[PDB]
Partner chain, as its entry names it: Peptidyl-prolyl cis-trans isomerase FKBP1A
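Shown next as structure tokens: one chain only, the form solved without its partner chain.
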């Protein structure tokens, strides 16, 4: 693991702690959420981010932050504000960006 992979693995562990039930652990498919692909063109989840750290695909912390922000933005676009999905995405987006700053 390079120094960048080490820092990103730390940030991912800290972010995943805020999601104990794994709401963000897997890719959201149309079978799971009807019409998802018609609303969300670039899906993102913690599992895909973990594979990118392991494959050394993040050249900077900025790229990792963009995937994290995309995952949360997708949840806040597809889900209504009264839902658990939206509230958790908004809470983790703020906490996550505060922590990595």
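Residue numbers count along the first chain shown, from 1. For the two forms, the rigid core is made up of the largest set of C-alpha atoms that agree within 1.5 Å on superposition.
*26-34 versus 57-65: which one's CA atoms end up farther from this form in 9 other deposited structures of this protein after a core fit?*
Stretch with the higher C-alpha RMS distance in 9 other deposited structures of this protein: 26-34.
*Taking only the CA atoms, which stretch has the higher mean B-factor in the record, 85-93 or 5-13?*
So the stretch with the higher mean C-alpha B-factor is 5-13.
_If you average the CA temperature factors as listed in the entry, which stretch comes out higher, 53-61 or 71-79?_
Here the higher of the two C-alpha B-factor means belongs to 53-61.
*asked:* Taking only the Cα B-factors deposited for this chain, tell me whether residue 44 sits in the lowest, middle or highest third.
replied: Lowest third of the chain for residue 44's C-alpha B-factor.
Here the subject shifts to the form solved in complex with its partner chain, a form of this protein not shown in this document.
*Using 4.5 Å between non-hydrogen atoms, is residue 70 touching its partner chain in the entry with it bound?*
Residue 70: no contact with its partner chain in the entry with it bound.
*Is residue 66 close to its partner chain in the entry with it bound, meaning a heavy atom pair under 4.5 Å apart or at it?*
Close contact is absent here: in the entry with it bound, residue 66 is far from its partner chain, nothing within 4.5 Å, heavy atoms only.
*Contacts with its partner chain in the entry with it bound - residues in 60-77 whose heavy atoms fall within 4.5 Å*: Residues within 4.5 Å: 76, 77.
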